[PDB]
Amino acid sequence: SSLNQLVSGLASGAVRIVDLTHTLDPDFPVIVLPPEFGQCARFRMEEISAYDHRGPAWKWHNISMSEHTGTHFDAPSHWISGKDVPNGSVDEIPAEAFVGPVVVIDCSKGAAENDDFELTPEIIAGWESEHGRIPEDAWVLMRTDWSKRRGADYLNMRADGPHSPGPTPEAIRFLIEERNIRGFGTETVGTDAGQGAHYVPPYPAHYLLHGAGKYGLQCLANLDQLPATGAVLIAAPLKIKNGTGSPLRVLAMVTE
Amino acid sequence: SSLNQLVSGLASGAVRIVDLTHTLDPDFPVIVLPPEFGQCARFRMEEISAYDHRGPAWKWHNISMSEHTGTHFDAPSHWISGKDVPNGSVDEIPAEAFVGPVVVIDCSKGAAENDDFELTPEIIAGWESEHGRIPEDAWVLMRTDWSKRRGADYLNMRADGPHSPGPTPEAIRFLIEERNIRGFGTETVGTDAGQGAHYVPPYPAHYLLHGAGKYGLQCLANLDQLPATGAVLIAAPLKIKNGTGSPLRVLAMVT
Ligand SMILES: O=C(OCc1ccccc1)c1ccccc1
Ligand SMILES: O=C(OCc1ccccc1)c1ccccc1
Ligand SMILES: [Mn+2]
Ligand SMILES: [Mn+2]
């Protein structure tokens, strides 16, 4: 069976698990929005006990964050256009959606030359000319190697807001309507470009993906370790009551 | 590849995914300890915006809880016996540990007749007579259907503390030393029995599992959906800096 073979390959290393997750840490950057709006929180942790009088044989912590802190998953109810999608919160998404095929589009060269690099229909067509049609119900990850930025260059805020790569409205429309993807993931804090408020419609990845019942992943790491095709993504969010998203441990299984 | 077969089996329904997780909810019970100790927090959530003046096109929340709230994973650094284990925190555990074979020992009939039911070496031996030995580096789940208890029946507190099933020290030692298991999971708030402070050593599942660099799962649901053998568990904890555990979404793939 595929599962018996999977177990054997995982045990030998013929199938490797790549962790695509950043550490949840108080100093890891989170999305910043215009100052009139409520803001995403940083991760925070505090000891309950540490093998001391408060708990002599154990150590454990209280934790707090936002649904959108760190490496995290976006459900359709996160956007106003997804507010009527069935199974639209993280606690209702069917579990078969948490494991599936993934394709990785390498935009790292373009992102190194232009902070506002755009994933376009033409680039997707170029990718499919080499790797074949994107399979139905796949995750599509836009690799940029942005996850290697370790300071203020990660959010990359300028006077008019953040400058980071993302998809155009036409790219997202193509992936949804012509390829029926499961979701879209990036290495930045947004599935939209940093300047995505100025597309038509604003924040088109969010507006269109979630309006169509599709999912988002943000702040992925280590996409340069993945093949363009053939890997399997594990992206199971926390089962938050009526939740719009969650931090999560994103993994890819890779044949090697 | 074994991955292309998996993808097409998930798409066709030949492979199914069972969710083994309880919803994170302020009302779901969390572990309660003697009152002189620090306590686990309940899950809490509050809106940042809900398509409103605070965020006109989006809805999202702040959340708070403990590492050990809800369906959750225990890393070896959670116990004092785990102090000298390498890679003992949830952000350091090798990722291959997060997907693996699982076996399920059905103790539901015993738990229905004894709140303090004990999984013993004898019960494990009976299971192995039927199913063959527990595979090396497998997750072992003690099924009790305790996850069907709601409200106060789930913690099941009495004047002498909580009454819920769990393993004996000898059962855990057998699984670690003779079968080299990866970890142990239950449908209760602890990998130990509710009255497990009274074993030698106290809380032996925690003490022995984490002292051996092994993992725990607690508050699992839906274990009655799983076969005794052949399923694959997905249990990937949040990547908390130096974390001792985390809430997580536990799943099982079943053929
Ligand atoms: O990603 C969106 O902003 C795009 C973006 C991308 C990068 C940085 C900042 C913003 C977003 C997410 C949640 C709420 C509102 C907007
Ligand atoms: O596993 C027990 O507590 C161990 C423990 C001690 C301190 C912290 C975490 C875990 C347990 C089991 C059932 C009910 C209550 C407690
Ligand atoms: Mn988000
Ligand atoms: Mn715990």
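When a ligand or atom number is given, it counts from 1 through the structure's own listing order. Basis for what follows: all heavy atoms, side chains included, without hydrogens, waters or symmetry-related copies. Numbered from 1 within each chain, the chains take letters A, B, ... in sequence-line order.
Among the backbone and side-chain atoms of A:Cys40, none of the N, O or S atoms lies under 2.8 Å from the Mn ion (ligand 3). At least one N, O or S atom of B:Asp74, from either the backbone or the side chain, sits less than 2.8 Å from the Mn ion (ligand 4). Using a cut-off of 2.8 Å, one finds that A:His68 contributes an N/O/S atom close to the Mn ion (ligand 3). Taking backbone and side chain together, A:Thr191 holds no N, O or S atom under 2.8 Å from the Mn ion (ligand 3).
A salt bridge is absent between B:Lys239 and B:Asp91; no separation between the charged side-chain nitrogens and carboxylate oxygens falls under 4.0 Å.
The shortest contact between atom 7 (C) of ligand 1 and any protein heavy atom is with A:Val189 CG2, 3.6 Å. Shortest contact from atom 3 (O) of ligand 1 to any protein heavy atom: A:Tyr203 CE2, 3.2 Å. For atom 6 (C) of ligand 1, the nearest non-hydrogen atom of the protein is A:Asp192 O, 3.4 Å. Ranking protein heavy atoms by distance to atom 9 (C) of ligand 1, first place goes to A:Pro162 CG, 3.4 Å. Closest to atom 1 (O) of ligand 1 among all protein heavy atoms lies A:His206 CE1, 2.9 Å.
Judged by distance alone, the side chains of A:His163 and A:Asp116 do bring a donor and an acceptor atom under 3.5 Å apart.
The side chain of A:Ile31, and not its backbone, has at least one atom closer than 4.0 Å to an atom of ligand 1 (non-hydrogen atoms only; side chain from C-beta on). Using a 4.0 Å cut-off between heavy atoms, A:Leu33 contacts ligand 1 through its side chain alone, with no backbone atom that close. With a heavy-atom cut-off of 4.0 Å, A:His78 touches ligand 1 through its side chain alone. Residue contacts with ligand 1 for A:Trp79 involve side-chain atoms from C-beta outward but no N, CA, C or O (heavy atoms, distance under 4.0 Å).
The closest approach between any non-hydrogen atom of A:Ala193 and ligand 1 is below 4.0 Å. The shell of residues lying under 4.0 angstrom from ligand 1, judged by heavy atoms, excludes A:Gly196.
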